[PDB]
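Derivation of every value follows stated rules applied to the coordinates shown; laboratory data play no part. Note: ideal-geometry Cβ built from the backbone for every residue, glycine included; neighbour counts use all protein chains shown.
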Protein chains: 2
Amino acid sequence: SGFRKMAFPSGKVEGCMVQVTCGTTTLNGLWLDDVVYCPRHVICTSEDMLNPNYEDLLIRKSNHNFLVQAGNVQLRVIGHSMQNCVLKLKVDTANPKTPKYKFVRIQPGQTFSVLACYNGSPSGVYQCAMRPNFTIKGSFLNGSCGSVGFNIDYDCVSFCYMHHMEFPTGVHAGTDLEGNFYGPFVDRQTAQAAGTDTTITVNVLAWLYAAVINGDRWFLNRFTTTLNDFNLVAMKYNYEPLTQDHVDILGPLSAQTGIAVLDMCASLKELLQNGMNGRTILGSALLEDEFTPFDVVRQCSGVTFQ
Amino acid sequence: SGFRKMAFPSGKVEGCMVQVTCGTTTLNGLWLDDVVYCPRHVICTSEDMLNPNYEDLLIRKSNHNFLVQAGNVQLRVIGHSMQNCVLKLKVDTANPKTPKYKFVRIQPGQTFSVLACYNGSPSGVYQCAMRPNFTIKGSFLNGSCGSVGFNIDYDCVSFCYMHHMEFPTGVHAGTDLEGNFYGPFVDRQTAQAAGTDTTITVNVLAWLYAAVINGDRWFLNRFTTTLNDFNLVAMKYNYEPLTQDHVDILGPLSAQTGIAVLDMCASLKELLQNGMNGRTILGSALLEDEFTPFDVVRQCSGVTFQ
Ligand SMILES: *C(=N)[C@H](C[C@@H]1CCNC1=O)NC(=O)[C@@H]1[C@@H]2[C@H](CN1C(=O)[C@@H](NC(=O)C(F)(F)F)C(C)(C)C)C2(C)C
Ligand SMILES: *C(=N)[C@H](C[C@@H]1CCNC1=O)NC(=O)[C@@H]1[C@@H]2[C@H](CN1C(=O)[C@@H](NC(=O)C(F)(F)F)C(C)(C)C)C2(C)C
């Protein structure tokens, strides 16, 4: 028992990080087979990033202008192209440590692990959620761009995020591995509007199930509710609507604990209307929404990866 | 910016995990050079663990009774010995992925990353603190024993923890890599007394500095205090005494932010006496004590590892 914020093991991704330098700008790249993927603003000077024309800047670059280093070994760049907001550098050497992998675009509310890197070297690993407003609350410093987010399925690494930028309130934004931004953002140093964020209801419910599995059961009440009535109450507290798809995804946790999803919704409704009365759930004094139903299952049932 | 619970990258440790089976009991082992380290209760049946005589049980085992698997490859055991609560299995093959490493015994209040494993395979990574009562609040299921805790310094893995047992309130206990337990515990399935836990004061202060570095500054007051006067107040709230050694360790964060350690102590004192008035610090509604001063520095300054 016990329940912690848990990341995927990072080793398979560690084997793919390199550093990419163009002129005087250095950031991280992801080396898979004979291609290195990295954020396109590696080609910018500081002045360029206030209003860059990326197509124009790349025109004046040739292959040899990109210094790619995998450890102390330089990887010769033999081609390059730009795909939305990422650059793809073809190199003369395939990465022998390339894992089985896919590029996926995750949905809001879904979680992933981030391997935060500087100069091509890993610094740490943490877990994040894609917020409903398509930001993430990460931890990133200068030089972190090209750090990736991922999930693991047995032996397959699903890469879902590459880091590009920080809005001055500690809110982070980036792209999938095809270079398309999550959310209505662009890779330019200028002020930009994000949507109001909301609470990921299905994840809160998953975490309440984790609490029950771990013996923290005080908030369970004797009532049920309808899905409509719960959603009306949750709207007022800036919670996302709970859909039948969400109810179906919660089925394994409901079956394991013997608590109907709508009964847990009745317990959450009381918590929203009355507060926690100074109490904690799984050590937290707030309702936690960055654990998915699968996160709870893989932690509480010990799923491993090859 | 941003501040998250961050683990060390786990790849170097992933390369060292194997599974160890003796009879019908299977758990994890740590394979370094030509030695596999694992908890000694791998030699027990379920009945044995209620009151085991480990020396007696090991007498009747020979090398061939230990099945060690590194992936799908069996490692031939060619010798064995027991060191306190860990077994050491000599194998005929040195692990080619052995990193630079040390075995260290950490002090209470110090943190480490745990790579939770089942059947020799990694499931996830999370960060833990050695509590003042020598327990940890981990997340561990059946088969997790032999999972290790560690810190990383550039390229050197400092192994500090191997997991052995859970007390029925989700409290975990284990040994250093010489098999000596942290705390007054033994590897027997019987009820055992742990000390009252306390709050790690120097870590709370480190986390308040992390808050200031990230722009969360509302709790800073205009007062200072003496070390004596602060410790008198913190005693009442079950906080560990703050020592001059602690004050010295906080120096880098104090210098970076320009807030004297005793001035931060004055701010913490007000928080203890008055509460947070419904407010959060770095997203938390409680004071957090599982970040060390070094944890804050390595996250907020982007220290990497080879
Ligand atoms: C990549 N190495 C960095 C990661 C940043 C650095 C500080 N925290 C992070 O996450 N990415 C950048 O520096 C990008 C990059 C130009 C400027 N930038 C920003 O993140 C800036 N933010 C924005 O411009 C805003 F607000 F629109 F998001 C900055 C003010 C420097 C934090 C480009 C090409 C967007
Ligand atoms: C190693 N694979 C497991 C890890 C346990 C399993 C559940 N959560 C964990 O952390 N270690 C054990 O099963 C050890 C082992 C016998 C029994 N045991 C326990 O952890 C038990 N706890 C205690 O006996 C207590 F309370 F004293 F800590 C159990 C009740 C099964 C949780 C031995 C040899 C101690």
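Taking 0.36 nm per residue of sequence separation and subtracting the Cα-Cα distance, how much length would be gained by fully extending the chain between A:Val104 and A:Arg76, in nm to one decimal? Please report the intermediate quantities before stating the final value.
Numbers: separation 28, 0.36 × 28 = 10.08 nm, distance 2.80 nm.
Result for the pair: 7.3 nm of gain on full extension.
One decimal, nm, shortest first: give the distances between the label point of A:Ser46 and those of the same position in the other copies, each label point 7 Å from Cα along Cα→Cβ.
Sorted ascending, the copy-to-copy spacings read 6.6 nm.
Amide H to amide H under 5 Å from B:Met165: which residues, 5+ apart in sequence or cross-chain, H placed 1.01 Å off N in plane?
Here B:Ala173 satisfy the definition.
Please state the equivalent ellipsoid semi-axes for the stretch B:16-91: what are the square roots of 5 times the Cα gyration tensor eigenvalues, largest first, in whole Å?
On the way: eigenvalues 77, 31, 24 Å².
Three semi-axes, in Å: 20, 12, 11.
Suppose a student asked you for the relative contact order of the stretch B:28-171, using Cα pairs under 8 Å spaced at least 6 residues apart; what percent would you report? Numbers along the way, then the final one.
Details: 258 pairs, mean separation 34.9, N = 144.
Once normalised by length, the contact order is 24 percent.
Which order do the peptides A:146-155, B:122-131 come out in when sorted by mean C-beta neighbours inside 10 angstrom, highest first?
By packing density, highest mean first, the sequence is B:122-131, A:146-155.
If amide H atoms are built 1.01 Å from N in the plane of the peptide, which residues on other chains or at least 5 residues away come under 5 Å of the amide H of B:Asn95?
Here the answer is B:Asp33, B:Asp34, B:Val35, since their amide H atoms fall under 5 Å of that of B:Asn95.
Could you give the angle, 0 to 90 degrees to the nearest 10, between helix A:261-274's Cα long axis and the longest principal axis of the Cα atoms of chain A?
90
Can you find, among A:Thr98, B:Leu250, B:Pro132, the residue sitting farthest towards the positive end of the charge dipole of the protein assembly as shown, where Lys and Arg contribute +1 and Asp and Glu -1 at Cβ?
The residue sitting most towards the positive pole is A:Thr98.
So for A:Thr198, A:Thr98, fewest C-beta neighbours within 10 Å to most, what's the order?
On the way: A:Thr198 19, A:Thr98 16.
Fewest-to-most Cβ neighbours within 10 Å comes out as A:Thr98, A:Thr198.
Before anything else, pin down the relative contact order of the stretch A:14-91: Cα pairs under 8 Å, at least 6 apart, normalised by residue count, whole percent.
31
What are the nm distances, shortest first, from A:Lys90 to its equivalents in the other copies, labels at 7 Å along Cα→Cβ?
Sorted ascending, the copy-to-copy spacings read 5.4 nm.
What are the nm distances, shortest first, from B:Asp245 to its equivalents in the other copies, labels at 7 Å along Cα→Cβ?
From this label point to the equivalent ones elsewhere in the assembly: 5.5 nm.
Does anyone have the angle between helix B:227-236 and the longest principal axis of chain B? Alpha-carbon axes, 0 to 90°, nearest 10?
Tilt relative to chain B: about 60 degrees.
Give me the dipole magnitude in Debye, nearest 20, for chain B about the Cα centre, with unit charges on the beta carbon: positive for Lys and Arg, negative for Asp and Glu.
Numbers: 22 positive and 26 negative charges, 81 e Å.
It comes to approximately 380 debye.
Name the most mobile residue of A:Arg222, A:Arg105, A:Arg40, meaning the one with the largest mean-square fluctuation, in a Gaussian network model of chain A with Cα contacts below 10 Å.
Comparing A:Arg222, A:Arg105, A:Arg40 in a Gaussian network model of chain A, the most mobile one is A:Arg222.
For every other residue with a beta carbon closer than 15 angstrom to the beta carbon of A:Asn119, add +1 if it is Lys or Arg and -1 if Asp or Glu, then tell me the sum.
Local net charge: -1.
Over the Cα atoms of chain B, Rg to Rh with Kirkwood Rh, two decimal places?
Using only Cα positions, Rg/Rh for chain B is 1.03.
Please compute the contact order of the stretch A:164-306 in relative form: average sequence separation of alpha-carbon pairs under 8 Å and at least six residues apart, divided by the residue count, as a percent.
The normalised contact order for the stretch A:164-306 reaches 30 percent.
What does the charge count around A:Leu30 come to, taking other residues whose C-beta lies under 14 Å from its C-beta (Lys +1, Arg +1, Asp -1, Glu -1)?
Neighbour charge sum, excluding A:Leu30 itself: +1.
State the number of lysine pairs found in chain B whose Cα atoms come within less than 30 Å, restricting to pairs 8 or more positions apart or on distinct chains.
Close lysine pairs found across chain B: 28.
For the protein assembly as shown, give the magnitude of the charge dipole about the Cα centre (Cβ charges: +1 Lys/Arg, -1 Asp/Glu; no others), in debye to the nearest 20.
It works out to roughly 380 debye.
Can you tell me the dipole magnitude for the stretch B:201-300 around its Cα centre, using point charges on the Cβ only (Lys, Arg +1; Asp, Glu -1), in Debye to the nearest 20?
Dipole about the Cα centre, nearest 20: 320 debye.
If you line up the long axis of helix A:201-213 against the longest principal axis of chain A, both from Cα atoms, how many degrees apart are they, to the nearest 10?
Roughly 60 degrees, rounded to the nearest 10.
How far apart, in nanometres, would the label points at A:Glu55 and B:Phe223 be if each is projected 7 angstrom from Cα along the Cα-to-Cβ direction?
6.3
Compare the Cα positions of A:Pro122, A:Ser267, A:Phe185 along the charge dipole of chain A (+1 at Cβ of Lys, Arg; -1 at Cβ of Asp, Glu; about the Cα centre) and return the one farthest towards the positive end.
Farthest towards the positive pole: A:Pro122.
What is the average number of partner chain Cβ atoms found within 10 Å of a Cβ in A:283-289? Let's see the in-between values first.
Numbers: counts 3, 3, 5, 5, 0, 0, 0.
That average works out to 2.
How long are the semi-axes of the equivalent ellipsoid of the protein assembly as shown, defined as square roots of 5 times the Cα gyration tensor eigenvalues? Whole Å, largest first. Present the calculation step by step, with values, prior to reporting the outcome.
On the way: eigenvalues 270, 214, 142 Å².
Ellipsoid half-lengths, sorted descending, are 37, 33, 27 Å.
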